[PDB]
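S.K.: coords please:
(chains A, B, C, D and E, ligands or ions: 1)
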Amino acid sequence: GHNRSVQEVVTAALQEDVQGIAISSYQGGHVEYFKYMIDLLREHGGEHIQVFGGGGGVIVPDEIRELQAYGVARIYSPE
Amino acid sequence: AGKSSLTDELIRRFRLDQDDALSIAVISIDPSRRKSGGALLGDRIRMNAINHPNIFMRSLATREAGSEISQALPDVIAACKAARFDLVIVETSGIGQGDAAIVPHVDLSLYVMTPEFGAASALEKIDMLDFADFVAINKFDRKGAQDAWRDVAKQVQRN
Amino acid sequence: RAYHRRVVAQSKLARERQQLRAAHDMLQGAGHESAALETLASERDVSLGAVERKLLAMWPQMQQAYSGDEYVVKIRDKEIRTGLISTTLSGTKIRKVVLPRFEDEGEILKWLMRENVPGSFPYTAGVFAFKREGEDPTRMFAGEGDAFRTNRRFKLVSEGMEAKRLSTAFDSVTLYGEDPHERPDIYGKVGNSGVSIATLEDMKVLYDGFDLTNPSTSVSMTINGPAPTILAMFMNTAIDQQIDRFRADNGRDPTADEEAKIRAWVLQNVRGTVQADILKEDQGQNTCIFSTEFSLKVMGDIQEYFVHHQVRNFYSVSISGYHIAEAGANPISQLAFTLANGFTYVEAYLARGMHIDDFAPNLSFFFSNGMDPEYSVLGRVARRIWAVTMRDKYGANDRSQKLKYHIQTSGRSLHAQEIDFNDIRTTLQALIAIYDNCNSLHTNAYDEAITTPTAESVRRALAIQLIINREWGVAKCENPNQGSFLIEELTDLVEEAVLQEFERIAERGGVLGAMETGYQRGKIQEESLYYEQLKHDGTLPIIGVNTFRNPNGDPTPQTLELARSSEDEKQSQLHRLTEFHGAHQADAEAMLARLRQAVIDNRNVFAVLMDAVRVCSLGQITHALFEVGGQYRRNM
Amino acid sequence: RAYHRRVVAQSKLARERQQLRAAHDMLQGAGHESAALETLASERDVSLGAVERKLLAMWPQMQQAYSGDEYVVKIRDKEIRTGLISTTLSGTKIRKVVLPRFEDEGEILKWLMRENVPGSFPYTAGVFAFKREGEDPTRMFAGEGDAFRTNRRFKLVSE
Amino acid sequence: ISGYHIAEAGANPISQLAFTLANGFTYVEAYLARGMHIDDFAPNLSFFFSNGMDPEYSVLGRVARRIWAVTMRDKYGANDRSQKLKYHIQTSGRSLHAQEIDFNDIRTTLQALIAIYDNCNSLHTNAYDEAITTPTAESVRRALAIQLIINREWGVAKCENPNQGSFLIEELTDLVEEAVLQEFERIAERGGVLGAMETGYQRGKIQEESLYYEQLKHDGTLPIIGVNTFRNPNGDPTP
Ligand SMILES: Nc1nc2c(ncn2[C@@H]2O[C@H](COP(=O)(O)OP(=O)(O)O)[C@@H](O)[C@H]2O)c(=O)[nH]1
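M.R.: Residues are numbered from 1 along each chain as shown, chains lettered A, B, ... in the order given. Shown next is the structure:
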């Protein structure tokens, strides 16, 4: 479901030892959220999990590309 | 079905009464779509009452067309037991009316039957009557609840 | 339907009455006397109702009442006089109210039963007897970020003015009521687009130095989730300031008895309003943090305490429907759903062992008018359907029977594309709202709370309202009653449609049943999709979007928003929470346990809150409510 | 002023006519029948105007004239049909023209003598029978300077 | 038969209607006295007058319909097609003031709507300079679209007959009719319309009422939005 806690999300993922995390964040301000997700993931050696995002056209190509280089595989554009 | 909800209330009662002095390990089991081969393990969309490190939750699929379970159900139950946790809670997916596969590998089986069943005396032909611990019916928003309760009690007395 | 049936029957009765009377009046000129006609007339009169008979007899007095220049009515110990005549530029004298020229009795009875003069039963054409004079009580809204800057702005705008009316918009974190912490996720979006508060201390410091005891002042804050908790905060602050006042004037700890007397007096005298609602949020986003029934029961308990402590001036109930139309709901659907929600609240309050006559006049409604013709009569129906329900079904006070509403423009109609046309077409919206005896008019921009810091536009936003109410000529009238057919015809049709929709809602298995089944969400989604389909197709044209575009194109040069907050402010607020937390570590546990006991034992949760808020964190309160199971689950 | 005075007189006369009619109608149910009332009705009808009497007799035809969705009228050698129903987003059906819901003939007579539907005697509410459709003839006014410049502008505009 | 400039000078509404109809009837009688039959010219006369801010304009056209119609039936017995009267309505630029001209665009909408509700034969939405002495520009788009806005999309525009549901219409109609007839009586007693044109009775009446209006204007007892108050403290550069 939606509006779920970041700590809860990561802890539940470690509980189920899942392969990927899917997030749709069209509200904006996703930079700190995704950075926290990445740091928390790398905090406990769960790098095998894959990250993909979708937020519409909020992210400019340079910003989303920088976040991608930080470690998230992709963010799916609407257009 | 009947999972989660009653489990939610039970978990809240446990935490509120014992001050989270017990470590609960819960495993859910879900069916698999035979056609596309996929599945939808959507039962942790329910109660957020697993937010405690002392309490663990895990979801699994049937993986099988014949039974409701995987080939290692008792083995994974024992694996959950071996962690010296307080209690094991296991969900049991869904089949038609002839399944009792979980009993031979469980000590306590809490059974629940849906209110929307009507069937004035078809519970008799329903198999799982004298194979459980305690009856359970939800959704008393509809009428005839007293009548259904009385008939269930009478059938339990007979069996 | 029974009310209308009685109307038709007694109308036929009155037609028969005047028929026989004028019949004998003509016949007496013939000389031949057949007295059976008089017997039939007496029989007809006896079969007639009584109250309606008095109303019918009142007619010549009604005519002689409004014939003169000034209306006089001596009531209780006072006598209220007011002029009723105005002068045009050409010397033509205009009456503020115009009376029927009819003489046939049946029409008179029918019109008096359906459309009286305003200020009378059944209040079809407006509650107040006459329009209030000028000097609109337009609240000025401003709130964002910390308490210090907000108080600075409040002092900035409220300076040198007597009638003060402030509006508060908190931040989302407050609305969700989650305790802020080190996590940048919650720390990031905090403080922007609202005022963030955490404790009773910060709430008090927000409203520092402003006389909450001033009778001619109003404060209105918009939040629904934590509506109970913050309420106690407000109440406590309502105490605190005034007590400290005498602390400055007396310099000693007040006695317990005089303390209680002061609390009672200030509670009797304090004023405010919290635009709180439960049904709309649950229907609109599912972003509730609590169970619907849980919140409704809490609200009922709070109302119980308020009625028990007997405050007759402050209300916190706001039956609004703005977001429903904001998604794009159909007008009739919107009106029906709002009415159903209000009546459901009425029944719920009835269920808690409180009499009707103690809360009816404190209810309100908040909804928007669009471009469809139905809006032009919408308010009419709004008055009628409520009115009858209060008379025979429960028989509350006449003052309780009256219904008041709030009307706000609809920003969905005002699309950013070609923003200039939206301002012009908003006048069309405002005109019908004024025509319908508007009780309170807002002319707001797209964002309800100026999401971006607005500009000279507010001038324009205000100006139009003034332009209509102060100088527009026809506006000096108040009663479109005889001389515009569509009003009456659409009135009847819309009434029938809304009643049928009520029947549908009842048949779909209870209001809370529909809540569980998501009937309304699906209906709104379906109709909105149909609207957007017609929009992009143009089967219903819309000016200025699909046609008459500018060949020069629409570059639309603009900027998004300028609403930031310094990191230092956030750090300071964080350590303020830190200090207030570290102050009272032993105390909060006792209040938490007492809250557990009270909620388990079916008691007044608000009573426990009134004491806990002095010593307990808002976030700790939210987590305790979670622990008791108040969390809203995902039940889609 | 004389026209308004005639309006008043004939209105009260029509009141009298419908009065006597309904009076005899009610009298017929009691058993006693003294016929002087019918004589009064005859005298009033004789005193009643002629063209106005025809117009009043037209009233049921008027009611049917707007019952349906469209209206058709025969004139000269042809006939014309035009629709009169509109549909809202709410599905609320709206008639283009509404008629009075009165039943006592006095108000009806005054309404038919003062304000009819547009397109009828005395065209109080509007000369045209029904509103002309869209695409209004928006003229283009322009002219300044010499004849040549104006001709060039005119050629430019109407392409 | 135009009277637009009569109102442009600042005439009162009832006076404007009365003078216009007087001019029309004078032309009618002048043609009549020349041995020419009625049925050859009546449907061809046309009128041109504006609607201002006062409430009487909201019903003004109605009176113009009635007063003509009756006079054409009993007095001469022309054809019905001859009897029907056509009229033109244009926005009144006097109400619009150059100061804070941005507000004029907003306040023109009320003028437009009352004209539309009155089943106009035509509508003109025009800027200040009728000939556009300064060549007009982009703004005309706006002046057009509003008319379009009213006539193609606004639902209530599908109404054409407000006649049971607003008392003020009928009451003001009767009052305006009586006042106009009284003014007609005064004009007739003034020794013929030609005599009035000779002695300048109407010029004096118009001058007096215009001075009255300007006195009230600069006084502020009769408010006018956007001028006598609510002035911007930022000054009014208004380039
Ligand atoms: N109205 C109502 N609905 C309920 C109640 N309990 C559960 N539900 C909903 O009914 C749905 C049917 O669930 P079901 O498949 O029968 O068993 P479950 O999925 O384990 O809860 C659940 O998804 C719940 O969301 C109740 O007491 N009242």
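
S.K.: what ranges do the helices span in the stretch 51-200 of chain C?
M.R.: In chain order, the stretch 51-200 of chain C shows helices spanning C:51-57, C:59-66, C:105-114, C:147-158, C:172-176, C:184-188, C:200-206, with DSSP state H, counting those that start in this stretch as the criterion.

S.K.: ok, the closest residue to the ligand within chain A to chain E distance?
M.R.: Closest approach of chain A to the ligand (C-beta to the nearest ligand atom) occurs at residue A:1, with a separation of 12.1 Å. Bear in mind the C-beta positions are built from the backbone N, C-alpha and C, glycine included. Taking C-beta to the nearest C-beta, to the nearest Å as the measure, residue A:1 and chain E are separated by 41 Å.

S.K.: so which of the helices of the stretch 51-200 of chain C is nearest residue C:16?
M.R.: Within the helices of the stretch 51-200 of chain C, the stretch nearest residue C:16 is helix C:105-114; the backing value is 8.9 Å (C-beta to C-beta).

S.K.: the inter-axis angle of the closest one versus helix D:105-114?
M.R.: Relative orientation of helix C:105-114 and helix D:105-114, computed by axes from the mean of the first three to the mean of the last three C-alpha atoms, to 10 degrees: 90 degrees.

S.K.: is chain D contacted by helix C:105-114?
M.R.: Yes: using C-beta under 8 Å from any C-beta of the partner chain as the criterion, contacts between helix C:105-114 and chain D involve C:106-107.

S.K.: quick one: contacts for the residue most central in space within chain A?
M.R.: Within chain A, one residue has its C-alpha closest to the average C-alpha position: by C-alpha atoms, centre = their mean, that is residue A:34, at 4.7 Å. Under the criterion of C-beta atoms under 8 Å, 6 or more residues apart in numbering or on different chains, the neighbours of residue A:34 are A:51, A:53, A:67, A:72.

S.K.: most neighbours among those, please name it.
M.R.: When neighbours are counted as other C-beta atoms under 10 Å in any protein chain shown, the busiest of the contacts of residue A:34 turns out to be residue A:53, with 22 neighbours.

S.K.: what sits against it?
M.R.: By C-beta under 8 Å, 6+ apart, the contact set of residue A:53 is A:23-25, A:30, A:34, A:72, A:74-76.

S.K.: who's it bridged to?
M.R.: Each beta-bridge partner of residue A:53 is listed here: residue A:23, residue A:75, as defined by DSSP bridges.

S.K.: still on that earlier bit, ok, which of the helices of the stretch 51-200 of chain C comes nearest the ligand?
M.R.: The ligand lies closest to helix C:172-176 among the helices of the stretch 51-200 of chain C, at 22.7 Å (C-beta to the nearest ligand atom).

S.K.: how distant is that closest one from the center of its chain?
M.R.: Between the centre of helix C:172-176 and the centre of its chain there are 23 Å (C-alpha atoms, centre = their mean, to the nearest Å).

S.K.: which stretches in chain A count as helices?
M.R.: With DSSP state H, the ranges of helices along chain A come out as A:6-16, A:30-43, A:61-70.

S.K.: what's the first one in contact with?
M.R.: When you say that, I think you mean helix A:6-16. When contacts are defined by C-beta under 8 Å, 6+ apart, helix A:6-16 is touched by residues A:21, A:33, A:36-37, A:40-41, A:44, A:46, A:49, B:44, B:48, B:50-51, B:56-59, C:183, C:185.

S.K.: are any of those residues buried, and which?
M.R.: Neighbour-count burial (16 or more other C-beta atoms under 10 Å in any protein chain shown) applied to the contacts of helix A:6-16 gives A:21, A:33, A:36-37, A:40-41, B:44, B:48, B:50, B:56-57, B:59, C:185.

S.K.: against chain E, how distant is residue C:410?
M.R.: In this view, residue C:410 and chain E are 14 Å apart by C-beta to the nearest C-beta.

S.K.: number of residues surrounding that residue?
M.R.: 19.

S.K.: please apply the same query to the one 3 residues further on.
M.R.: Neighbours of residue C:413 under the rule other C-beta under 10 Å: 18.

S.K.: what sits against it?
M.R.: Residues counted as contacts of residue C:413 (C-beta under 8 Å, 6+ apart) are C:370-371, C:422, C:425, C:429.

S.K.: and which of those is nearest to residue C:469?
M.R.: When the contacts of residue C:413 are compared for distance to residue C:469, the smallest value, 14.5 Å, is given by residue C:429; criterion: C-beta to C-beta.
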